[PDB]
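What follows is a single structure, written as structure tokens, with notes after it.
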Amino acid sequence: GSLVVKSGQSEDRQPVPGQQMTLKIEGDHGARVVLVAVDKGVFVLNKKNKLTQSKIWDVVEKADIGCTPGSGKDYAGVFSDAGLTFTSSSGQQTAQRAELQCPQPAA
Amino acid sequence: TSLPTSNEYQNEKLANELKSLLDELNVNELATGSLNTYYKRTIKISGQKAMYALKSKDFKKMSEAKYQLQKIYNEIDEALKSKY
């Protein structure tokens with residue numbers, strides 16, 4: 001989607017403590033949004049373990065079943081490294097895989 | 001009689017504007033009593049600014065406190081309409 005949070009007011013920069021201001025929220029139709037407003041001095045003390053969208057895609061990429069940036073030793077190695085299985089009626093089929101994780105590089 | 005000279009009518013006009021808001025200050029200071037603590041904080045700070053400005057007759061303070069007390073009055077009126 002595309003959730004954006006911005007100021008509703010266009011003037012009165014640095015408002016007074018306790019002042020009413022308008023929070024403007026643009027986002028996808030039908031979505032439910034959760035909020036929290038934190039002093040930044042908490043984050044100056046401890047900014048670890050903050051969740052973000054980039055870490056979400058990082059967790060998904062760590063859950064990927066493909067292990068190689070393409071190609072392969074043969075047609076079977078192409079599918080097996082990509083994360084696919086193939087089996088034909090003539091007999092040609094992919095290599096057997098019994099491990100969930102990717103093989104580790106020599107490094 | 002001789003008509004009022006220059007600034008005397010202008011300063012009286014500013015004092016009449018400030019006197020009008022102070023008549024309903026006790027109503028407005030009351031009206032924040034059923035509202036949030038921000039309004040009650042703001043009006044009692046803004047109230048003395050108007051009260052001193054009228055009796056001191058300083059032009060600078062009477063100008064500022066007029067528009068300051070008008071601003072919190074608009075906030076109270078919008079509060080009372082939104083609170084229902």
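Note on naming: chains are A, B, ... as they come in the structure tokens, residues start from 1 per chain, ligands start from 1 in the order shown.
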Using only C-alpha atoms, determine which residues lie at most 9 Å from residue 71 (chain A), disregarding the query and same-chain residues fewer than 4 positions distant; provide the list as an mmCIF file with N, CA and C atoms, in the first residue's frame.
```cif
data_model
loop_
_atom_site.group_PDB
_atom_site.id
_atom_site.type_symbol
_atom_site.label_atom_id
_atom_site.label_comp_id
_atom_site.auth_asym_id
_atom_site.auth_seq_id
_atom_site.Cartn_x
_atom_site.Cartn_y
_atom_site.Cartn_z
ATOM 1 N N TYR A 75 19.376 -28.260 -16.457
ATOM 2 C CA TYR A 75 17.968 -27.888 -16.345
ATOM 3 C C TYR A 75 17.394 -28.235 -14.974
ATOM 4 N N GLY A 77 19.257 -28.460 -12.140
ATOM 5 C CA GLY A 77 19.894 -27.523 -11.231
ATOM 6 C C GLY A 77 19.341 -26.114 -11.314
ATOM 7 N N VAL A 78 18.779 -25.739 -12.469
ATOM 8 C CA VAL A 78 18.123 -24.438 -12.616
ATOM 9 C C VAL A 78 16.887 -24.355 -11.722
ATOM 10 N N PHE A 79 16.019 -25.374 -11.789
ATOM 11 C CA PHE A 79 14.798 -25.391 -10.984
ATOM 12 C C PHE A 79 15.092 -25.570 -9.499
ATOM 13 N N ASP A 81 17.843 -24.831 -7.725
ATOM 14 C CA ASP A 81 18.411 -23.627 -7.131
ATOM 15 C C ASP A 81 17.404 -22.483 -7.083
ATOM 16 N N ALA A 82 16.468 -22.431 -8.035
ATOM 17 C CA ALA A 82 15.428 -21.406 -7.984
ATOM 18 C C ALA A 82 14.419 -21.690 -6.878
#
```
| field | Interface list for chain B, partner chain A, 12 Å threshold, only C-alpha atoms, as a ChimeraX atom specification | value | /B:36-42,71-72,75-76,78-79
Write the residues you've just listed into a file as a short mmCIF file (atom, residue, chain, number, x, y, z; two decimals), in the first residue's frame, and include N, CA and C atoms for each of them.
```cif
data_model
loop_
_atom_site.label_atom_id
_atom_site.label_comp_id
_atom_site.auth_asym_id
_atom_site.auth_seq_id
_atom_site.Cartn_x
_atom_site.Cartn_y
_atom_site.Cartn_z
N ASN B 36 -11.17 20.27 28.79
CA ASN B 36 -9.85 19.71 29.05
C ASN B 36 -8.94 20.74 29.72
N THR B 37 -7.93 20.23 30.43
CA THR B 37 -7.01 21.04 31.23
C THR B 37 -6.14 21.98 30.41
N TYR B 38 -6.01 21.77 29.09
CA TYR B 38 -5.27 22.71 28.25
C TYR B 38 -5.97 24.06 28.16
N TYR B 39 -7.29 24.04 27.93
CA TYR B 39 -8.08 25.28 27.85
C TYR B 39 -8.04 26.04 29.17
N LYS B 40 -8.24 25.32 30.28
CA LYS B 40 -8.15 25.90 31.62
C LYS B 40 -6.75 26.44 31.92
N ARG B 41 -5.71 25.82 31.36
CA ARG B 41 -4.36 26.36 31.50
C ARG B 41 -4.18 27.62 30.68
N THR B 42 -4.73 27.64 29.46
CA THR B 42 -4.46 28.72 28.52
C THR B 42 -5.18 30.00 28.89
N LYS B 71 -8.16 34.50 20.60
CA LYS B 71 -7.74 33.20 20.07
C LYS B 71 -8.22 32.05 20.95
N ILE B 72 -8.06 32.19 22.27
CA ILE B 72 -8.53 31.15 23.19
C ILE B 72 -10.06 31.12 23.24
N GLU B 75 -11.04 29.00 20.45
CA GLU B 75 -10.76 27.60 20.79
C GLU B 75 -11.82 27.03 21.73
N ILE B 76 -12.33 27.83 22.66
CA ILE B 76 -13.39 27.39 23.57
C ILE B 76 -14.70 27.19 22.81
N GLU B 78 -15.06 26.51 19.57
CA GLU B 78 -14.90 25.27 18.80
C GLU B 78 -14.89 24.04 19.70
N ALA B 79 -14.42 24.17 20.95
CA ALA B 79 -14.46 23.05 21.89
C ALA B 79 -15.89 22.72 22.28
#
```
| request: Could you give me the residues within chain A that DSSP places in helix (DSSP H, G or I), as a list in words? | output: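 Restricting chain A to helix (DSSP H, G or I) produces residues 40, 41, 42, 43, 44, 45, 53, 54, 55, 56, 57, 58, 59, 60, 61, 62, 75, 76, 77, 78, 79, 80, 81 and 82 of chain A.
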| request: Give me, please, the distance in Å between CA of residue 66 (chain B) and CA of residue 50 (chain B), quoted to one decimal. | output: 6.8 Å
| query | Which one is closest to residue 49 (chain B): B:16, B:73, B:22, B:30? Count only C-alpha atoms. | reply | B:22
| task | Rank nothing, just name the residue among B:21, B:3, B:9, B:15 nearest to residue 47 (chain B), using only C-alpha atoms. | result |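 Nearest candidate to residue 47 (chain B) out of B:21, B:3, B:9, B:15: B:21.
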| task | Would you list the contacts of residue 24 (chain A) as a ChimeraX atom specification, taking every protein, DNA or RNA residue within 8 Å and counting only C-alpha atoms, but skipping same-chain residues closer than 5 positions in sequence? | result | /A:5-8
Mind writing the picked residues with N, CA, C and O atoms as a PDB file, in the first residue's frame?
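In the end it all went to result_31.pdb:
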```pdb
ATOM      1  N   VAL A   5       1.741   9.783   6.905  1.00  0.00           N
ATOM      2  CA  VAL A   5       1.273  10.601   8.019  1.00  0.00           C
ATOM      3  C   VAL A   5       1.950  11.963   7.916  1.00  0.00           C
ATOM      4  O   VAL A   5       3.181  12.042   7.840  1.00  0.00           O
ATOM      5  N   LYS A   6       1.149  13.030   7.915  1.00  0.00           N
ATOM      6  CA  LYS A   6       1.665  14.386   7.781  1.00  0.00           C
ATOM      7  C   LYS A   6       0.844  15.323   8.660  1.00  0.00           C
ATOM      8  O   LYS A   6      -0.104  14.907   9.333  1.00  0.00           O
ATOM      9  N   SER A   7       1.228  16.599   8.661  1.00  0.00           N
ATOM     10  CA  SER A   7       0.533  17.607   9.450  1.00  0.00           C
ATOM     11  C   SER A   7      -0.656  18.166   8.679  1.00  0.00           C
ATOM     12  O   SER A   7      -0.568  18.423   7.475  1.00  0.00           O
ATOM     13  N   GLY A   8      -1.770  18.349   9.380  1.00  0.00           N
ATOM     14  CA  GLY A   8      -2.936  18.962   8.778  1.00  0.00           C
ATOM     15  C   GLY A   8      -2.783  20.463   8.665  1.00  0.00           C
ATOM     16  O   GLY A   8      -3.193  21.070   7.669  1.00  0.00           O
TER      17      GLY A   8
END
```
| query | Expressed in Å to a single decimal, how great is the separation between CA of residue 64 (chain A) and CA of residue 103 (chain A)? | reply |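 Straight-line distance from CA of residue 64 (chain A) to CA of residue 103 (chain A) works out to 12.7 Å.
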Spatial neighbours of region 35-48 of chain A, max dist 12 Å, only C-alpha atoms, sep filter under 2 positions, as a compact mmCIF listing (two decimals) with C-alpha atoms, in the first residue's frame:
```txt
# COMPACT_ATOMS: atom_id res chain seq x y z
CA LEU A 3 0.43 4.94 4.28
CA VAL A 5 1.27 10.60 8.02
CA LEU A 23 -3.24 14.87 12.21
CA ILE A 25 -3.55 10.48 7.46
CA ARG A 32 -6.93 -0.27 9.65
CA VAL A 33 -4.12 1.87 11.10
CA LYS A 50 12.55 -0.69 16.21
CA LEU A 51 10.33 -2.33 13.61
CA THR A 52 10.29 -0.99 10.05
```
| Quick one: of A:1, A:49, A:68, A:57, who's nearest to residue 30 (chain A), counting only C-alpha atoms? | A:1
| request: Tell me which protein, DNA and RNA residues are within 7 Å of residue 76 (chain A), counting only C-alpha atoms, leaving out same-chain ones fewer than 3 positions away, and put them as a PyMOL selection string. | output: chain A and resi 79-80+93-95
| said: Report, in Å to a single decimal, how far apart CA of residue 63 (chain B) and CA of residue 29 (chain B) are. | reply: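 Separation between CA of residue 29 (chain B) and CA of residue 63 (chain B): 20.8 Å.
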